[PDB]
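Participant: Can you keep this structure in mind? I'll have questions shortly.
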There are 2 protein chains.
Amino acid sequence: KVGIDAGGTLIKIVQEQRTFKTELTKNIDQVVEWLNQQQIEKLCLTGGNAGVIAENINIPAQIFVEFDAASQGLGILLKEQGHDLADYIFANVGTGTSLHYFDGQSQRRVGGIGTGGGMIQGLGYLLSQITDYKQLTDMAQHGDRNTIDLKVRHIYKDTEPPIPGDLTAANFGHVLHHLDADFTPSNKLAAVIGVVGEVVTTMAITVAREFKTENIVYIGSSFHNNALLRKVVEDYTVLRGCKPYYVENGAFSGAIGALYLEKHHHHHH
Amino acid sequence: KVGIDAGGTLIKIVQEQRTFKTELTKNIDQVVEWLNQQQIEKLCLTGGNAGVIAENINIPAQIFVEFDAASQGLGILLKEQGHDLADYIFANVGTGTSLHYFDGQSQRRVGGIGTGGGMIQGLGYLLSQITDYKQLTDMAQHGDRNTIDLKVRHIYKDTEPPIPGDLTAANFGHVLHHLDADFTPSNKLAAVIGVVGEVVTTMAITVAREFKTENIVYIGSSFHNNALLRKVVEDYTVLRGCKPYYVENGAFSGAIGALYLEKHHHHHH
Ligand SMILES: Nc1ncnc2c1ncn2[C@@H]1O[C@H](COP(=O)(O)OP(=O)(O)O)[C@@H](O)[C@H]1O
Ligand SMILES: Nc1ncnc2c1ncn2[C@@H]1O[C@H](COP(=O)(O)OP(=O)(O)O)[C@@H](O)[C@H]1O
Ligand SMILES: COCCCCCNC(=O)CCNC(=O)[C@H](O)C(C)(C)COP(=O)(O)O
Ligand SMILES: COCCCCCNC(=O)CCNC(=O)[C@H](O)C(C)(C)COP(=O)(O)O
Ligand SMILES: [Mg+2]
Ligand SMILES: [Mg+2]
């Protein structure tokens, strides 16, 4: 069997040892072409575009809701990778961002936000005219956010501030103080990644506090080829007294979960 | 006496009936010029740039921390305007955004984020080259976000989604699906206001849930001349089962609070 998580931007495919593959959601027809060349008895599907695959191929399919599939696959990966966490927030930073509290037994969605990988690509395109994901993310890595973002220390100056001075006070809030600066593509893109990372993290640490867990597990393809994003998120998570976890193949959590859920759907009473 | 909240972008001045005035923080020297033409016995100061005013003029001054000054002024304005709220979140959407829980007696800061008025101006400048605040905000009001923002309904298509289809899934996440669109200045600016409003609101409703209040009071100068921002925030607050409140002269809460705190600082035992 095959597990497929057909998301808003990427289609994640898991073949069973696991073989991992991705395809762009825009190229969903090419996934169907690939499937038609395999010897597959059943599709285990999840994600927003699961229905599009199912209706376009004659292989029997079963669909699972992404939140439960992602939680189940993530729980499997965490254990494989040596983590025995009692509870955690997980933040699925996909095309958009979905936040979940896992209490040790099951997941509940506790929030979400439109700041995620889609914004990185879209706002990154508006600021740089780069459409290629590897080019965009590579360009951002070494950007300097200092002429773009305002820190608390910039507002309070010689007065000791009421919250730590190094914190971002206003994303893009320094632009009007640097109107003669060279706002390079790298610098602008670093600031896009900065705001996305800071928003995701802020929401994750807030729901971590609300649900009384110190653990925050970050998954999603948005971290791929984006070490800057991983650092923005890791650093701020630690600053706010929580423990960040990244997961090898975590972006395939849903696909793994779909396979697992299909397998255990069979029972009787 | 005079109350002055010298913030990151605007200096809010209250003279006592109240007279309200603003000046750009960049023009802080002109506030000092104005002060030197008045007959003022004492300055009641708050905000990040309070120290700059105090060190540049010979009028006796007392400084108050903005969070307590804002809370106190807001509590005064709410009562003046007929609201007797038992508790509430207040979201101070200034150059950046600071979030507070007021339990009926005092405030505590419960979060914050760099998505606020500074981002509107800075990212708005990067996308439109407009520096004038009235021009920028006026241009945004009637922008169409539909080719820029991705909704849940766009990902899930003919499948009923696990969360409501009209929700923003990814700010700027539709850009790559509309690469031949005319991304007009109005449309781009509406999307900037959209992401700021949605992030602020998301954080406000999350801490409202955490601290068990249905009331969210929004203050800050970021709402001035920005009906779109007010609508984005109001609508999403209501959708998430909370009650939004806007306050006449709410952006002057800190200045009013500074005057009040100075007046009642005098006591003995
Ligand atoms: N090869 C790639 N092409 C396009 N986007 C990519 C790629 N690798 C990583 N990404 C990033 O990952 C995001 C998608 O994350 P993912 O978790 O797969 O979301 P979804 O389930 O919505 O498809 C993209 O918006 C982009 O930021
Ligand atoms: N006349 C104006 N000039 C510049 N910005 C304005 C003006 N009116 C409203 N704003 C908006 O209000 C924001 C500042 O809000 P405010 O609550 O005064 O913050 P601060 O206390 O940091 O100065 C600006 O970033 C901008 O979005
Ligand atoms: C009108 O909209 C007001 C603001 C809504 C803000 C909150 N938005 C959300 O919670 C949706 C965020 N996005 C997500 O949760 C995900 O992108 C999903 C829609 C679940 C789709 O999953 P994926 O394709 O993996 O990103
Ligand atoms: C390194 O930074 C990591 C991310 C930090 C994100 C959180 N940032 C914050 O909480 C600061 C948000 N901004 C604010 O609270 C306000 O702008 C203040 C700094 C209090 C200044 O007040 P004002 O001038 O009125 O906006
Ligand atoms: Mg996904
Ligand atoms: Mg302020």
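We number each residue from 1, going along the chain as drawn.
Backbone N, Cα and C define each Cβ position, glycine as well.
The feature ATP binding site is assigned by Swiss-Prot to A:5-12, A:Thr95, A:117-121, A:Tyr133, A:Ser221, with sequence analysis given as support. Positions annotated as active site, proton acceptor by Swiss-Prot, on the basis of sequence analysis: A:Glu66.
Summarising the annotation, the PDB entry assigns expression tag to A:264-269.
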Participant: State the Cα to Cα distance, in Å, between A:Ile120 (ATP binding site) and A:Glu66 (active site, proton acceptor), rounded to an integer.
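Facilitator: Cα-Cα, rounded: 22 Å.
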Participant: Got a sec? Which of these binding-site residues, A:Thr9, A:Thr95, has the most Cβ atoms within 10 Å?
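Facilitator: It comes out as A:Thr95.
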Participant: Output, ordered by sequence, the same-chain residues six or more apart from A:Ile11 (ATP binding site) with a CB under 8 Å from its CB, or 'none'.
Facilitator: A:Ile4, A:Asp5, A:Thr22, A:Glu23, A:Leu24, A:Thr25, A:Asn27, A:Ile28, A:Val31, A:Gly47, A:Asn49
Participant: The deposited coordinates stop at A:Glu16 and pick up again at A:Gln17, leaving 3 residues out. What Cα-Cα distance does that leave, in Å?
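Facilitator: Taking the Cα atoms on either side of the gap gives 6 Å.
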Participant: Taking only the binding-site residues A:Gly7, A:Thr9, A:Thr95, which one has a CA atom nearest to the CA atom of A:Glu66 (active site, proton acceptor)?
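Facilitator: Closest recorded candidate to A:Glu66 (active site, proton acceptor) by Cα: A:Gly7.
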Participant: Chain B proximity: which recorded positions among A:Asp5, A:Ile11, A:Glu66, A:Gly118 have CB distances under 8 Å? Answer 'none' if there are none.
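Facilitator: Checking chain B against the recorded positions, the residues within range (Cβ-Cβ under 8 Å) are A:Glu66, A:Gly118.
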Participant: Of the binding-site residues A:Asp5, A:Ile11, A:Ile120, which ones put their CB under 6 Å from ligand 3?
Facilitator: none
Participant: Identify, in sequence order, the residues in the chain of A:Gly7 (ATP binding site) that are 6 or more apart from it along the sequence and have a CB within less than 8 Å of its CB; answer 'none' if there are none.
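Facilitator: In sequence order, A:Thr25, A:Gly47, A:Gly48, A:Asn49, A:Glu66, A:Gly94, A:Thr95, A:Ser221, A:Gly254 meet the Cβ cut-off.
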Participant: May I ask which residues of the same chain, at least 6 positions away in sequence, place their Cβ under 8 angstroms from the Cβ of A:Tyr133 (ATP binding site)?
Facilitator: A:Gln121, A:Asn225
Participant: How many of the residues that make up the expression tag (A:264-269) does DSSP mark as helix, as strand and as coil?
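Facilitator: Secondary-structure composition of the expression tag (A:264-269): 2 helix, 0 strand, 4 coil.
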Participant: Other than its own, how many Cβ atoms are within 10 Å of the Cβ belonging to A:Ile120 (ATP binding site)?
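Facilitator: Neighbour count, Cβ to Cβ under the 10 Å cut-off: 28.
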